[PDB]
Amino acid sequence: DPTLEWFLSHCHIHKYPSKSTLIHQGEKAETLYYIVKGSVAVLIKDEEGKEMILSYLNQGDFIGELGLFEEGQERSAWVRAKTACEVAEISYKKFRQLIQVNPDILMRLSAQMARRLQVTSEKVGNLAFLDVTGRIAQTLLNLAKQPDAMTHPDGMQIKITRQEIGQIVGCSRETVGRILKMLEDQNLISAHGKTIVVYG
């Protein structure tokens, strides 16, 4: 779209290698991010260090928008890179100015926030209403419908650790591994290492 090259034209483009940190929880927020290319993960932590992924984010997504509305706000979560990234970055102070010339970009953001709120809420009912099995099941399903999913003769093929599915459904990596074995025991999937074939 037209207003994109414009917005982009006023941003600092930065790169972040996979596994790195773009945003740190608790720090003063003054910057806005826009993923130009790559995937990141939004995570929160417990006192011990156990992580909980709240979302994944991709091209076309803004990051660090939450601290843009109320003075002296802190980052609400850690944001780490899943792959290599190319993020457009801009100063809140700056951004505020762009949306005056054109509030339409502010709209584009608010929409995202709306979608985000929808899914988080959806994620709340999930933790409240489904048991691990169901949560893992719904996850392999979502994962398989993703574009980065590999096409395989018996269904779709994904790659991910028991550990990370655990940080997604909110359980222990041990519980994942066991539910996994059961889902295979029931001929629903077929896992070998990080590779899981979700049968169709």
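Note that residue numbering begins at 1 and tracks the sequence as displayed. The term rigid core refers to the maximal set of C-alpha atoms that superpose within 1.5 Å between the two forms.
**Student:** Following superposition on the rigid core, is the mean squared CA displacement, expressed as RMS, greater for 46-54 or for 153-161 in 5 other deposited structures of this protein?
**Tutor:** If we average over structures and residues in 5 other deposited structures of this protein, the farther stretch is 153-161.
**Student:** Once the rigid core is matched, which of the two stretches, 127-135 or 144-152, lies farther off on average in 5 other deposited structures of this protein by C-alpha?
**Tutor:** Of 127-135 and 144-152, the stretch deviating more in 5 other deposited structures of this protein is 144-152.
**Student:** Between 86-94 and 122-130, point out the one with the higher average CA B-factor as the PDB entry records it.
**Tutor:** That would be 86-94.
**Student:** Quick check: 6-14 versus 19-27, which has the larger average CA B-factor in the record?
**Tutor:** The recorded data point to 6-14.
**Student:** At the C-alpha atoms, which of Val40, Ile136, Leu68, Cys171 reaches the highest B-factor in this entry?
**Tutor:** Within the set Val40, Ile136, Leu68, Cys171, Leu68 shows the top C-alpha B-factor.
**Student:** Ranking every modelled residue in this chain by its Cα temperature factor as given in the entry, which third contains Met150?
**Tutor:** As the PDB entry reports it, the C-alpha B-factor of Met150 lands in the highest third of its chain.
**Student:** Would you mind ranking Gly49 by its C-alpha B-factor against the rest of the chain and naming the third, lowest, middle or highest?
**Tutor:** CA B-factor rank for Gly49: highest third.
**Student:** So where's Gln112 on the chain's Cα temperature factor ranking, which third?
**Tutor:** CA B-factor rank for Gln112: middle third.
**Student:** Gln167: which third of its chain by C-alpha temperature factor?
**Tutor:** Lowest third, going by the recorded CA B-factors of the chain.
**Student:** Looking at the entry's B-factor column for C-alpha atoms only, identify whether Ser55 ranks in the lowest, middle or highest third of its chain.
**Tutor:** Its C-alpha B-factor belongs to the lowest third of this chain's values.
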